[PDB]
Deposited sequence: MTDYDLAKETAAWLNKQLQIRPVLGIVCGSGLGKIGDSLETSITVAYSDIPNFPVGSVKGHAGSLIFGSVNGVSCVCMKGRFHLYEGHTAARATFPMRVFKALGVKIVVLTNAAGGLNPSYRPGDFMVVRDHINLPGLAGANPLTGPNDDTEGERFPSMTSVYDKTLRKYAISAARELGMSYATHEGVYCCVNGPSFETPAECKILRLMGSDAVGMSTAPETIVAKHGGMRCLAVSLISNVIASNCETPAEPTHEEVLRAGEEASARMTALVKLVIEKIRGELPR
């Protein structure tokens, strides 16, 4: 029984409790849980009761609609730094696929490296640099089911160009155009923050922000045929020398995702 087989199982079990299968998925990053209250006529399933879900250390999965679209929302995610393997922490993404999800919207809190970023800003992700996945902790490592996806999937366009446009225009429409950027997300293992010398390397690599998640999730989602959009809340910013609110962030992010979902109801079921 492979991961995808287990994912199907998990899906089938969740399906028992659903009237409409989710077509849009959402993953809530650090402190961005409130986004979930946005789901209407929602059923909630604690991660602890979900079969095969990685042991937590109280996350929950929410099913409901937003602007007429059936969604599944993850309130809390899993990270490599907690001890999970890349495959393990990205198990929910395989489950999203097995549930029929076609678009996934992810959010996270990250450290800004780009000189023009300010704490509170939003960085729409246009590409990523996944360090762990280049060296021994790639979430697709292992046997591949040739009917679920490619053995060697392309990561040339992990972040859907169209979903990005919707995100940037939704930001403008909401009046946050000056605090909303588009850049490169660099994912590291964590949980210790980087030394100034490491931070310099990260800037040398062209990173606009750095965090400890998301990239492995979108590698798996993209491989699973799903479209991805990710937005980072720049929670803090690193000075030029390379060294180093929540409620407002939450509200703004929630509005942005909702508006994005609205524009998305043109490109998917119901």
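Sequence ranges absent from the coordinates, based on the deposited chain and numbered from 1: The deposited sequence has unmodelled segments at 58 to 61, 249 to 259.
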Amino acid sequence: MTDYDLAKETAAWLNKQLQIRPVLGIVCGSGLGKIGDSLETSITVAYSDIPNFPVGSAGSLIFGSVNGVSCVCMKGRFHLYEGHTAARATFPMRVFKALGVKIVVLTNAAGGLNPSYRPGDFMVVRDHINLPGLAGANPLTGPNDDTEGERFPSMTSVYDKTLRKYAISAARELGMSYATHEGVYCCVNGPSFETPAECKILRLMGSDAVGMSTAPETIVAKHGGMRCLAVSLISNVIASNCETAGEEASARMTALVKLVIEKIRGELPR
From here on, numbers count along this sequence of modelled residues.
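40 to 48 set against 212 to 220, stretch whose average Cα temperature factor tops the other in the entry: It is 40 to 48.
58 to 66 versus 221 to 229 - greater average Cα B-factor per the deposited record: Here the higher of the two C-alpha B-factor means belongs to 58 to 66.
Third of the chain, ranked by Cα B-factor, where residue 207 sits: Residue 207: CA B-factor falls in the lowest third of its chain.
Within-chain third of residue 245 by Cα B-factor, per the entry: Highest third.
Record-listed C-alpha B factor of residue 197: chain third: Lowest third.
CA B-factor ranking of residue 238, expressed as a third of its chain: Highest third, going by the recorded CA B-factors of the chain.
Modelled-residue ranking by C-alpha temperature factor, third containing residue 127: Within its chain, residue 127 is a lowest-third residue by C-alpha B-factor, going by the deposited values.
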